[PDB]
Each structure stands twice: as C-alpha cells, then as structure tokens.
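Input: a single structure, listed below in structure tokens.
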Amino acid sequence: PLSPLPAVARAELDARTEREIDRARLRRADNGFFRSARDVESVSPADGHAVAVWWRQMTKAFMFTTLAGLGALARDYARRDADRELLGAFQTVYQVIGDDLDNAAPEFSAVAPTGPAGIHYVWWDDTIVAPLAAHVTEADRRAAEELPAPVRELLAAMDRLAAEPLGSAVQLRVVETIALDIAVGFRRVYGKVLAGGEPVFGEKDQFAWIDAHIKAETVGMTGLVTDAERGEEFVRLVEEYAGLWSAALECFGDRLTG
Amino acid sequence: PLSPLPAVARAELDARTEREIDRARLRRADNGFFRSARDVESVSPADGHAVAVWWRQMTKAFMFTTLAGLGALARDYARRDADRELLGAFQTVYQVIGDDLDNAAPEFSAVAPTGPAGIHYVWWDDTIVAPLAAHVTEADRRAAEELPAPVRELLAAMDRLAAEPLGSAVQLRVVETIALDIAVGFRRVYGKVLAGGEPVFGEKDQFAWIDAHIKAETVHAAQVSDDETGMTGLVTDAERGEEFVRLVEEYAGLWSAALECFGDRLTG
Ligand SMILES: C/C=C(/C)[C@H](N)C(=O)O
Ligand SMILES: C/C=C(/C)[C@H](N)C(=O)O
Ligand SMILES: [Fe+2]
Ligand SMILES: [Fe+2]
Ligand SMILES: [Fe+2]
Ligand SMILES: [Fe+2]
C-alpha cells in the first residue's frame with residue numbers, strides 16, 4: 001500500500017509543472033541571466049567572480065538540501081510499503097544526486113577530480129572561483145561573500161525543502177530543466193572575462209566543469225507523488241521554488257549589466 | 001569551521017568501537033546466530049522463512065534509515081563549512097549505502113537485478129523469501145511479519161538514528177563490521193532448509209544475493225574503518241565522539257539481541 005498516481009494524473013502534474021516553469025520565466029528566451037550571458041561584450045573579473053561565488057554557495061546548498069530531502073523521504077519509506085515504481089524513482093533521485101556528490105555519470109568522472117575535490121561546488125570553487133579571485137581585491141572578495149537578497153531567499157527555500165519528503169523531487173524537477181541553459185550561460189560569461197587584455201580562462205581545460213555539465217545536460221520526479229493532495233503540494237512547492245530560482249538568476253543578469 | 005578530530009583521537013574512537021563490538025557479542029565466535037547457522041543440522045521452511053522475513057524488514061529499515069541519517073548530516077553541511085577531510089568521509093557514506101540502493105560496486109553491478117528489483121531488501125525478498133513462502137501457509141506468512149520484540153527494538157533505534165547527524169556513521173560502522181558473518185550465516189542456513197526432505201535452494205544461482213555479499217562485504221568493512229575516510233572521520237569534536245561511542249554501544253547491543261533472535265528461531 002503505497003504507489004504513484006495513475007499515469008493520466010501524473011501527466012497532468014507534469015503539464016502543470018511545465019506551466020509553472022513558463023510562468024516563472026525560466027526558459028532560455030525569458031531569463032535575464034541567459035540573455036545577459038549572450039548580450040554582454042565583456043565581463044569584469046569582479047562581476048564574474050561575484051557571480052561565481054554566489055553560484056558556489058547556491059549549488060552547494062542545492063546538492064546538500066536535495067540529499068537532505070531524499071533522506072526525509074527515506075525516513076518515511078523505512079516504515080512504509082513503497083511499490084517498485086516508487087522505489088525506481090527514489091533510485092533516480094539518488095543517482096542524480098551522485099553526479100554532484102561523487103561524479104557518478106561517466107561524463108563527469110571522465111573529467112572530474114576524484115575524492116572531495118570532485119564535488120561539484122568544490123570543483124567549481126577550485127577551477128572557476130579561484131582563478132577569478134587572483135584578479136579581484138580583498139575588499140571585493142569579502143563583498144562577494146555577502147550574498148544578495150535573491151540568492152539568500154533561494155538558499156532559504158532550499159533549507160525548507162530539506163525537510164520535505166517531496167523536496168528532492170521539487171528541486172530536481174526545476175533544476176534539471178534549467179541546468180543546460182545555466183551551464184551554457186557560464187561558458188559564455190567566463191569566456192568573456194579578461195584581465196588586462198588577457199583571457200582569465202585562456203586554456204580549454206579551464207572550462208572542464210562547465211563543458212562536462214553542458215555535455216551531461218545535452219544527453220520522473222512526479223513518480224514520487226503518491227496521492228492527489230501531495231500532487232497539489234508538489235505543484236505549489238514548484239511554483240515557489242521556480243520563482244525563487246528565476247529571481248536568483250535575474251540577479252546574475254543584473255550583475256553582468258551594472 | 002568544521003573539521004574531524006585529529007588522527008590520534010579518531011584512532012582511539014575506532015579502538016573503543018572495536019572493543020564495544022567485542023563486548024556486544026557480535027563477533028562470529030560469540031553471537032548465537034553465527035554459531036547456530038554453523039551447528040544446526042537442518043532448518044524447516046517455516047523457520048527459514050520467518051528469519052528471511054525478519055531480515056527483509058531489518059535490512060529495509062537499515063538502508064532507508066541510514067539514508068535518512070546521511071540526509072540529516074547533509075542538512076547540517078548545507079548550513080556549515082565542512083572541510084574536505086569531512087567531505088571525503090561523507091562521500092564514503094553515500095558510496096557504501098548506495099550499493100544497497102543501486103548496486104554501484106562491481107561485486108553487485110553485474111549479478112544484481114537492474115532497477116528497483118536490485119535494491120537489496122527487494123532482491124532478498126524475491127530470491128530468498130519468495131521461494132520459501134511457497135512452502136509455508138498464508139497463516140505462517142502473516143505470523144512471520146509480526147516481528148519479535150528484539151527485532152522491533154532494533155527497528156525503533158533505526159528510526160531514532162534516522163534523524164541523527166551521526167546516525168549514518170553509527171549504523172555503517174557497526175553493520176559493515178558484522179555484515180560478512182551475517183552473509184556467511186545466511187549461506188549456511190539456507191543451504192540447510194529442506195522441504196520434501198530436499199533442499200529448497202539447490203542451485204548456485206539461488207544464492208546470488210548471499211554470495212555477492214560475501215565478496216563485497218570485505219570491502220565495505222574496510223571502507224567504514226578507514227583512517228582517512230572512515231566513519232569516525234565524521235566526528236567533529238570530542239563531545240560528538242562521546243555521543244558516537246554511546247550510540248554505537250546502544251546500536252550494537254540491539255543488533256546483537258536481534259541476531260540472537262535469529263539463532264533461537266533456528267534452534268527452538
Ligand atoms: C548547472 C547547474 C547545476 C545545478 C550543476 N549540476 C551544478 O553542479 O552546479
Ligand atoms: C548482509 C548484511 C547486510 C546489511 C547487507 N548489506 C544487506 O543488503 O542486507
Ligand atoms: Fe553538477
Ligand atoms: Fe545535473
Ligand atoms: Fe546489501
Ligand atoms: Fe555492506
């Protein structure tokens with residue numbers, strides 16, 4: 001006695017979810033981050049570095065709170081009789097988390113550092129934040145760590161979803177929809193960071209974190225919804241979370257067009 | 001601002017852990033389940049089925065509550081700044097319990113059923129519980145699922161450790177230490193279940209779950225006791241170390257009594 005909603009109702013949940021992402025203006029053509037990454041002619045080290053620091057904290061919180069949300073679900077399945085369809089979707093969350101925590105997918109392990117150095121927020125810190133930080137002052141580095149309010153609200157929504165049995169399904173549903181566009185925007189942003197007249201990212205391998213994500217992203221979560229009430233909650237959480245993700249990315253775009 | 005204890009203190013935590021597992025009577029020469037699996041002559045389908053159902057529920061709860069425990073710790077690391085030494089031990093937890101959830105390690109990846117059928121409590125259900133169930137009555141099956149008191153007591157501790165940041169380290173430190181001997185015992189037990197005077201499990205393939213664990217648990221035991229990325233590597237201060245050893249004492253005691261339950265049901 002535990003099973004997913006029928007396919008018909010889960011299809012409607014998927015459709016309502018896609019509509020919430022549309023309305024939150026997260027699509028490739030909608031969000032100011034993707035627009036700015038395309039439009040700007042150059043990016044200062046300080047603006048690139050601040051965006052990179054915000055991203056580091058954002059993706060660190062994304063990974064841990066998604067794992068925390070999976071644990072909240074695990075807490076429930078320990079005593080419940082989840083059917084094999086629910087269990088397979090539970091496995092999927094675990095596999096997807098393992099990309100960020102330990103580079104499970106071969107596209108990642110075939111470029112990432114091993115061990116903790118390969119954790120995606122750490123790998124990002126080491127290969128994107130660190131070379132940018134050599135080109136900003138100590139004052140600017142301190143200021144970058146003072147996260148803008150849209151980023152803080154998103155971090156706060158992630159903390160809330162860490163305790164939700166649907167939280168991991170909400171976060172992955174929104175994030176895996178927008179990850180490609182985010183990674184492509186980063187490729188473009190950091191390809192345009194010059195210090196002096198020199199590219200800060202002048203070696204192909206310096207983009208390895210980004211190109212791997214683009215590659216991975218280039219090639220369901222409603223499967224974890226077990227009744228109509230949870231379905232309503234799922235859509236409601238998505239609406240909130242998508243809107244906050246969109247405001248955080250608009251904050252990236254603003255920083256690039258200051 | 002978050003780091004493990006220095007190596008010397010962690011090593012003594014590990015030594016205290018091993019002394020506690022000694023004390024708990026969880027070593028193969030001491031626990032009644034390991035001895036009875038060795039000594040018993042034959043095992044009835046009802047008795048082997050009951051133990052299999054208990055094990056199904058126990059390892060189901062072990063895997064899901066260890067995962068919840070890892071989640072509890074992940075909640076903390078989202079709010080704090082764990083250094084890389086801590087993150088390395090964290091990855092160990094993810095990797096170890098991922099074998100039970102998704103057969104990542106090479107010893108399982110090839111033999112285990114794919115997808116949810118391969119989750120180790122499901123795979124045990126399909127390949128040990130179900131063939132035994134054909135030999136027992138529906139009334140028997142229903143009685144087997146009424147779990148004995150020391151099994152329920154272990155499950156309740158598992159539920160508590162689900163919300164503990166140290167919980168996954170406590171569970172993996174103990175379970176991965178005794179897992180080989182449990183699998184060895186199961187190999188012995190279910191080779192001795194007779195029906196029609198004839199062994200229920202006559203083919204090598206029917207032992208795939210058990211044989212895969214006999215191979216794999218050697219490694220899992222080394223991983224949780226490792227002095228660089230082992231379970232004590234998640235202890236971040238002396239007080240947390242105290243709590244760790246206290247939880248280990250409790251958890252190991254409940255595991256030992258649950259296993260004595262196994263041995264009593266194999267004897268009489
Ligand atoms: C591109 C977006 C992501 C969430 C990546 N998976 C990451 O690790 O930051
Ligand atoms: C043999 C003991 C275990 C905890 C196994 N890891 C299992 O899946 O039951
Ligand atoms: Fe990632
Ligand atoms: Fe991803
Ligand atoms: Fe297992
Ligand atoms: Fe194991």
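Labels for the structure tokens follow display order: chains A, B, ..., residues from 1 in each chain, ligands from 1.
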
(Q) If we count only C-alpha atoms and set the cut-off at 6 Å, which residues sit around stretch 163-171 of chain B, ignoring sequence neighbours fewer than 6 positions away in its own chain? Please answer as a list in words. (A)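 The filter keeps residues 66, 69, 70, 72, 73, 231 and 248 of chain B.
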
Q: Could you give me the residues within 7 Å of ligand 4, counting only C-alpha atoms and all ligand atoms, as number ranges by chain?
A: A: 96, 99, 176, 179, 213, 217

Output N, CA, C and O atoms of each residue in that selection to a file, as a compact mmCIF listing (two decimals), in the first residue's frame.
```
# COMPACT_ATOMS: atom_id res chain seq x y z
N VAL A 96 20.96 10.88 -9.51
CA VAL A 96 21.18 12.26 -9.94
C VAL A 96 22.00 13.03 -8.91
O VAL A 96 22.91 13.80 -9.26
N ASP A 99 25.80 12.48 -9.15
CA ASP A 99 26.59 13.28 -10.08
C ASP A 99 27.32 14.38 -9.34
O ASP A 99 28.55 14.52 -9.45
N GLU A 176 16.96 20.44 -13.05
CA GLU A 176 17.39 19.74 -14.25
C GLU A 176 16.75 20.32 -15.52
O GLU A 176 17.28 20.11 -16.62
N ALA A 179 19.31 23.52 -16.00
CA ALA A 179 20.76 23.34 -15.83
C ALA A 179 21.53 23.59 -17.13
O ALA A 179 22.58 24.24 -17.12
N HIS A 213 29.19 19.65 -17.63
CA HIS A 213 27.77 19.87 -17.37
C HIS A 213 26.98 20.08 -18.66
O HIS A 213 25.88 19.54 -18.81
N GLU A 217 24.17 17.54 -19.59
CA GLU A 217 22.80 18.03 -19.75
C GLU A 217 22.29 17.81 -21.17
O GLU A 217 21.09 17.61 -21.37
```

Q: List all protein, DNA and RNA residues that have at least one atom no more than 9 Å from any atom of ligand 6, counting only C-alpha atoms and all ligand atoms, and write them as a list in words.
A: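 I would give the residues around ligand 6 as residues 96, 97, 99, 100, 172, 175, 176, 177, 179, 180, 213, 216, 217, 218, 219, 220 and 221 of chain B.
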
Q: Considering only C-alpha atoms, return as a list in words whatever protein or nucleic-acid residues lie within 9 Å of residue A:191, sequence-local ones (same chain, fewer than 5 positions apart) excluded.
A: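 Non-adjacent residues within range: residues 42, 43, 186, 199, 200, 201, 202 and 207 of chain A.
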
Q: Kindly work out which residues sit at most 12 Å from ligand 3, using only C-alpha atoms and all ligand atoms, and give the list as number ranges by chain.
A: A: 55-56, 58-64, 95-105, 107-109, 112, 118-124, 172, 175-176, 179-180, 182-183, 208-217

Keeping only C-alpha atoms, write those residues as an mmCIF file, in the first residue's frame.
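Printed below is result_13.cif as written:
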```cif
data_model
loop_
_atom_site.group_PDB
_atom_site.id
_atom_site.type_symbol
_atom_site.label_atom_id
_atom_site.label_comp_id
_atom_site.auth_asym_id
_atom_site.auth_seq_id
_atom_site.Cartn_x
_atom_site.Cartn_y
_atom_site.Cartn_z
ATOM 1 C CA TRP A 55 26.875 30.091 -7.675
ATOM 2 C CA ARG A 56 29.233 28.153 -5.423
ATOM 3 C CA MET A 58 23.850 28.132 -4.409
ATOM 4 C CA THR A 59 24.979 24.791 -5.868
ATOM 5 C CA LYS A 60 26.464 23.675 -2.561
ATOM 6 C CA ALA A 61 23.077 24.248 -0.925
ATOM 7 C CA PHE A 62 21.300 22.639 -3.874
ATOM 8 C CA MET A 63 23.231 19.369 -3.505
ATOM 9 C CA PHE A 64 23.070 19.049 0.292
ATOM 10 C CA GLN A 95 21.676 8.602 -8.935
ATOM 11 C CA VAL A 96 21.181 12.260 -9.943
ATOM 12 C CA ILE A 97 22.483 13.491 -6.561
ATOM 13 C CA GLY A 98 25.545 11.293 -7.023
ATOM 14 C CA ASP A 99 26.589 13.277 -10.082
ATOM 15 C CA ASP A 100 27.156 16.330 -7.868
ATOM 16 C CA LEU A 101 28.426 14.431 -4.817
ATOM 17 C CA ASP A 102 30.701 11.888 -6.495
ATOM 18 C CA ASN A 103 30.562 12.256 -10.314
ATOM 19 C CA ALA A 104 28.542 9.077 -10.880
ATOM 20 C CA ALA A 105 27.797 9.665 -14.556
ATOM 21 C CA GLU A 107 30.722 12.151 -18.485
ATOM 22 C CA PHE A 108 31.675 13.657 -15.119
ATOM 23 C CA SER A 109 34.066 11.029 -13.775
ATOM 24 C CA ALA A 112 36.395 15.472 -12.643
ATOM 25 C CA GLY A 118 35.440 16.485 -7.432
ATOM 26 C CA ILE A 119 32.319 17.540 -5.537
ATOM 27 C CA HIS A 120 30.739 19.963 -7.917
ATOM 28 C CA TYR A 121 30.654 23.041 -5.700
ATOM 29 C CA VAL A 122 34.257 22.270 -4.679
ATOM 30 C CA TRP A 123 35.391 21.628 -8.252
ATOM 31 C CA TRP A 124 33.674 24.896 -9.233
ATOM 32 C CA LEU A 172 15.479 18.242 -9.289
ATOM 33 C CA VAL A 175 16.955 22.441 -11.637
ATOM 34 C CA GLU A 176 17.392 19.745 -14.255
ATOM 35 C CA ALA A 179 20.759 23.341 -15.829
ATOM 36 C CA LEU A 180 21.741 23.286 -19.525
ATOM 37 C CA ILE A 182 22.750 27.894 -16.808
ATOM 38 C CA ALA A 183 25.852 25.931 -17.852
ATOM 39 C CA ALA A 208 36.086 21.415 -17.782
ATOM 40 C CA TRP A 209 33.442 21.857 -15.054
ATOM 41 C CA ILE A 210 31.169 23.755 -17.462
ATOM 42 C CA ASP A 211 31.720 21.685 -20.624
ATOM 43 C CA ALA A 212 31.039 18.466 -18.693
ATOM 44 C CA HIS A 213 27.766 19.872 -17.368
ATOM 45 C CA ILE A 214 26.824 21.050 -20.862
ATOM 46 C CA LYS A 215 27.695 17.595 -22.228
ATOM 47 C CA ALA A 216 25.842 15.770 -19.450
ATOM 48 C CA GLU A 217 22.804 18.034 -19.751
#
```

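You will find atom CA of residue A:222 at 8.5 Å from atom CA of residue A:5.
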
Q: Would you list the contacts of residue B:12 as a PyMOL selection string, taking every protein, DNA or RNA residue within 12 Å and counting only C-alpha atoms, but skipping same-chain residues closer than 3 positions in sequence?
A: chain B and resi 5-9+15-19+225+227+232-233+238+241-242+245

Q: Run DSSP on the backbone of this structure and report the residues of stretch 32-238 of chain A it assigns to strand (DSSP E or B), as a PyMOL selection string.
A: chain A and resi 43+193-195+198-199

(Q) I need the contact residues of chain B against chain A, so if you could list those with any atom within 7 Å, counting only C-alpha atoms, and return them as an NGL selection string, that would help. (A) :B and (60-61 or 64-65 or 67-72 or 74-75 or 77-78 or 84 or 87-88 or 91 or 101-102 or 115-116 or 162)

Q | Sel. of helix (DSSP H, G or I) residues, stretch 35-211 of chain B, as a VMD selection string | A | chain B and resid 35 to 39 45 to 79 84 to 102 106 to 109 115 to 118 120 to 133 138 to 144 149 to 161 167 to 190 204 to 211

Q | Near-residue A:18 list (12 Å; only C-alpha atoms; drop same-chain fewer than 4 positions) as a ChimeraX atom specification | A | /A:11-14,22-27,173-174,177-178,222,235,238-239,242

Considering only C-alpha atoms, return as a PDB file with C-alpha atoms, in the first residue's frame whatever protein or nucleic-acid residues lie within 10 Å of residue B:135, sequence-local ones (same chain, fewer than 2 positions apart) excluded.
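Written output follows (result-v3.pdb):
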```
ATOM      1  CA  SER B  44      12.491 -26.057   8.393  1.00  0.00           C
ATOM      2  CA  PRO B  45      10.891 -23.899   5.685  1.00  0.00           C
ATOM      3  CA  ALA B  46       8.764 -22.096   8.280  1.00  0.00           C
ATOM      4  CA  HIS B  49      11.063 -18.218   6.071  1.00  0.00           C
ATOM      5  CA  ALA B 130       9.538 -15.880  -2.028  1.00  0.00           C
ATOM      6  CA  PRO B 131      10.843 -19.427  -2.751  1.00  0.00           C
ATOM      7  CA  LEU B 132      10.460 -20.180   0.949  1.00  0.00           C
ATOM      8  CA  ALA B 133       6.935 -18.729   1.062  1.00  0.00           C
ATOM      9  CA  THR B 137       0.898 -21.318   4.717  1.00  0.00           C
ATOM     10  CA  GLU B 138      -0.659 -17.896   4.376  1.00  0.00           C
ATOM     11  CA  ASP B 140       2.510 -18.695   8.580  1.00  0.00           C
ATOM     12  CA  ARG B 141       3.461 -15.811   6.276  1.00  0.00           C
ATOM     13  CA  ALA B 195      11.357 -29.476   2.044  1.00  0.00           C
ATOM     14  CA  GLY B 196      10.173 -32.920   0.913  1.00  0.00           C
ATOM     15  CA  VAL B 200      14.779 -25.588  -1.181  1.00  0.00           C
TER      16      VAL B 200
END
```

Q: List the neighbours of residue B:211 out to 9 Å using only C-alpha atoms; skip same-chain residues closer than 6 positions along the sequence, and give me the result as a PyMOL selection string.
A: chain B and resi 183-184+187+204

Output N, CA, C and O atoms for every residue in the selection just made, as an mmCIF file, in the first residue's frame.
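The result, written out as part.cif:
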```cif
data_model
loop_
_atom_site.group_PDB
_atom_site.id
_atom_site.type_symbol
_atom_site.label_atom_id
_atom_site.label_comp_id
_atom_site.auth_asym_id
_atom_site.auth_seq_id
_atom_site.Cartn_x
_atom_site.Cartn_y
_atom_site.Cartn_z
ATOM 1 N N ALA B 183 26.157 -12.651 6.277
ATOM 2 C CA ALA B 183 26.019 -13.295 4.976
ATOM 3 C C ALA B 183 26.528 -14.736 5.003
ATOM 4 O O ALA B 183 25.939 -15.622 4.374
ATOM 5 N N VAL B 184 27.647 -14.981 5.687
ATOM 6 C CA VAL B 184 28.155 -16.346 5.816
ATOM 7 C C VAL B 184 27.115 -17.220 6.500
ATOM 8 O O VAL B 184 26.810 -18.328 6.047
ATOM 9 N N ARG B 187 24.315 -18.009 4.099
ATOM 10 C CA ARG B 187 24.756 -19.056 3.179
ATOM 11 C C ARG B 187 24.578 -20.430 3.814
ATOM 12 O O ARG B 187 24.038 -21.354 3.197
ATOM 13 N N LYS B 204 23.367 -22.876 -7.477
ATOM 14 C CA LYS B 204 24.270 -21.751 -7.127
ATOM 15 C C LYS B 204 23.577 -20.414 -7.384
ATOM 16 O O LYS B 204 23.717 -19.524 -6.553
#
```

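Closest to ligand 5 among B:24, B:224, B:51, B:122 is B:122, based on only C-alpha atoms and all ligand atoms.
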
Q) What separation in Å, quoted to one decimal, exists between atom CA of residue B:254 and atom CA of residue B:89? A)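 That distance, rounded to one decimal, is 25.2 Å.
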
Q: Quote the spacing between atom CA of residue B:114 and atom CA of residue B:186 in Å to one decimal place.
A: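 So the two atoms, atom CA of residue B:114 and atom CA of residue B:186, lie 22.8 Å apart.
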
Q | Residue nearest ligand 2 - candidates B:247, B:178, B:21, B:259, atoms counted: only C-alpha atoms and all ligand atoms | A | B:178

Q: For each of B:108, B:207, B:244, B:255, take the minimum atom-to-atom distance to ligand 5, counting only C-alpha atoms and all ligand atoms, then give the residue where this is smallest.
A: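 Checking each of B:108, B:207, B:244, B:255 against ligand 5, counting only C-alpha atoms and all ligand atoms, the winner is B:108.
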